[PDB]
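Here are the chains, one letter per residue:
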Number of protein chains: 2
Amino acid sequence: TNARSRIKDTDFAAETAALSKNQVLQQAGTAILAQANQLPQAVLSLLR
Amino acid sequence: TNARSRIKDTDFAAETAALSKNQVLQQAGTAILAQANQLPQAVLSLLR
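Residues numbered from 1 in each chain as written, not as in the entry; some residues may be left out. Chains lettered and ligands numbered in written order. Part of a larger assembly, values for the part shown. Heavy atoms only, no water.

Its PDB header attributes the entry to cryo-EM and lists the resolution as 4.3 Å.

1. Here we look at the environment of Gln26 of chain B
Residue and element names in this part refer to chain B. The condition that has to hold: Think of it this way: any DSSP run of H or I at least four residues long counts as a helix, any run of E at least two long counts as a strand, and we number them from the N terminus. Relative accessibility decides the category of a residue: with a 1.4 Å probe and only protein chains considered, values under 20% of the type maximum give buried, values over 50% give exposed, and everything between is partly exposed.
Mapping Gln26 onto the fold places it in helix 2 (residues 12–36). Judged by relative accessible area, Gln26 falls into the exposed class, the value being 56%. Sequence spacing of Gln26 and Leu47 is 21 residues, and the spatial spacing of their C-alpha atoms is 33 Å.

2. Observations concerning the packing of helix 3 (residues 39–47) of chain A against helix 2 of chain B
To describe two helices that pack against each other, one gives the angle between their axes and the distance between the axes. Here is the rule: Simply put, an axis is a line fit to the C-alpha atoms, just over the touching stretch for a helix, and the angle between two N-to-C directions goes from 0 to 180 degrees. Angle categories: roughly parallel below 35 degrees, roughly antiparallel above 145, roughly perpendicular from 65 to 115, and oblique for all the rest. Note on contacts: a residue pair is in contact if any heavy atoms of the two residues lie within 4.5 Å. Ten residues, namely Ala, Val, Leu, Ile, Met, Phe, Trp, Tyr, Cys and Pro, are considered nonpolar, four, namely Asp, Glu, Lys and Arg, are considered charged, and the remaining ones, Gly among them, are considered polar.
Following both chains from N to C, one finds helix 3 of chain A and helix 2 of chain B inclined at 10°, their axes separated by 11 Å at the closest point. Judged by the angle between their axes, helix 3 of chain A and helix 2 of chain B are roughly parallel. Contact residues: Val43, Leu44 and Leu47 of chain A in helix 3 of chain A; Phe12, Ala13 and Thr16 of chain B in helix 2 of chain B. Its residues placed into classes, the contact of helix 3 of chain A with helix 2 of chain B shows 5 nonpolar, 1 polar and no charged.

3. Quick word on a nonpolar patch on the surface
Residue and element names in this part refer to chain B. Defined as follows: Patch membership is restricted to residues that have no salt bridge and whose relative accessible area is over 30%. Joining uses 9 Å for like charges and 5 Å for the nonpolar side chains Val, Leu, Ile, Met, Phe, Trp and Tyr. Only the protein chains shown count as covering a residue, and every accessible area follows the Shrake-Rupley method with a 1.4 Å probe. The rule for a salt bridge is simple: a side-chain nitrogen of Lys or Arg has to be within 4 Å of a carboxyl oxygen of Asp or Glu.
On the surface, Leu39, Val43, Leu44 and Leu47 cluster together into a nonpolar patch covering about 420 Å² of accessible area. With respect to the secondary-structure elements, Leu47 resides in helix 3 (residues 39–47). For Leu47, a relative accessible area of 71% corresponds to the exposed category.

4. What to know about the environment of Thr10 of chain A
All names here are of chain A. Put simply, the rule reads: Polar contacts, as used here, are pairs of N or O atoms within 3.5 Å; protein pairs need one atom able to donate a hydrogen and one able to accept it. Residues neighboring in sequence count only if both atoms are side-chain atoms.
Looking at the element boundaries, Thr10 is found in the loop between helix 1 (2–8) and helix 2 (12–36). By relative accessible area, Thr10 is classed as partly exposed at 37%. Here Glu15 takes part through its side chain, which lies 2.5 Å from a polar atom of the side chain of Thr10.

So this is what it looks like as structure tokens:
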């Protein structure tokens, strides 16, 4: 049984950190996109 | 896709300048013509 856990039993005290990292990335790349999609808007609004 | 834009995606931030130049030429050569077509008028109005 102890083996069965060493196989399966996630050391989620580490995977929590991994988890935050993923949540974090979702957030960050999103905000980057909210910024990114403003670029072409500016380009044309000005050249016009 | 990025290639597809490097092929197609006009760097219209330059073509705007080209655009103005063309509009500009339309205007200028036109005014030149408004002047040019006054020449023969003057020629005869005076020699008569």
